[PDB]
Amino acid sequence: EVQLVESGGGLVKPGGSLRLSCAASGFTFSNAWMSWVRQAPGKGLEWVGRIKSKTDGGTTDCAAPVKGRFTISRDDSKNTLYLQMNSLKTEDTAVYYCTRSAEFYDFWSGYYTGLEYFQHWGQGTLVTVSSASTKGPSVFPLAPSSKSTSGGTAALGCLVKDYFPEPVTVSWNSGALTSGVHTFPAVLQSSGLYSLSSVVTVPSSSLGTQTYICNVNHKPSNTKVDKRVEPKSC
């Protein structure tokens, strides 16, 4: 029931501006204190800022490295939390999370207060600060053959090459085939583009009767690719 749906993340040039949104539902948004937390690729969580509810002033606080550059606001009529970014730097590249702080009731004062630990998190939205431009992937088959077979089992996959920015999702047979699937983490090459592979192990008896398609979705470029992987017989 409690849901925090974030959007607005994407690619933006250094020194530019970008605004994130967090649509909340399943709780009384106007009473909740809300926060932002970010996590650079491969790094740890870092607190960004907080906004109080209107009855508690509706004021904000932000971490020192981003104070004076970032602005937090809310629109209780839309049940939406915002993070406004200005003068963005490469070191702002991170997944940004929307969070709801815990509610504590103060007996002596009679007021509610927010405690800054987070039970409910948004799904996160990736912000990429780079001068590079958006590029969709090229998808190439990794065909099964005697060189990828061992013990009644054959390996096959798809090569997702030269895309920017993250992320890309890969499923097999429209999500039906999930067992034995390995989608590798993307690796950033020196060209500035990303590449990854996704492989799956299937019974060799099924080659020639079962069709294997890898579904590649690169939402930053709005690119969907369905590549059939044909078996090699020789």
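Quick note: we count residues from 1 along the sequence shown, nothing fancier.
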| Greater mean Cα temperature factor according to the PDB record, 83-91 or 139-147 | 83-91
| Looking at the deposited entry, does 32-40 or 174-182 carry the larger mean Cα B-factor? | 174-182
| C-alpha B-factor winner, where the candidates are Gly152, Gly157, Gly122, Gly110 | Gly152
| task | Please work out which residue in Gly49, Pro167, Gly68, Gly58 has the highest C-alpha B-factor recorded for this crystal structure. | result | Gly68
| message | Sorting by Cα B-factor within the chain, modelled residues only, which third would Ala24 end up in: lowest, middle or highest? | response | lowest
| query | By the record's CA B-factor, is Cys214 among the lowest, middle or highest third of residues in the chain? | reply | highest
| query | If you rank every modelled residue in this chain by C-alpha B factor, which third holds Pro220: lowest, middle or highest? | reply | lowest
| request: Pull the Cα B-factor of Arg100 out of the PDB entry and bin it into the chain's lowest, middle or highest third. | output: lowest
| task | Comparing against every modelled residue in the chain, figure out the third that the C-alpha B-factor of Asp162 lands in (lowest, middle or highest). | result | highest
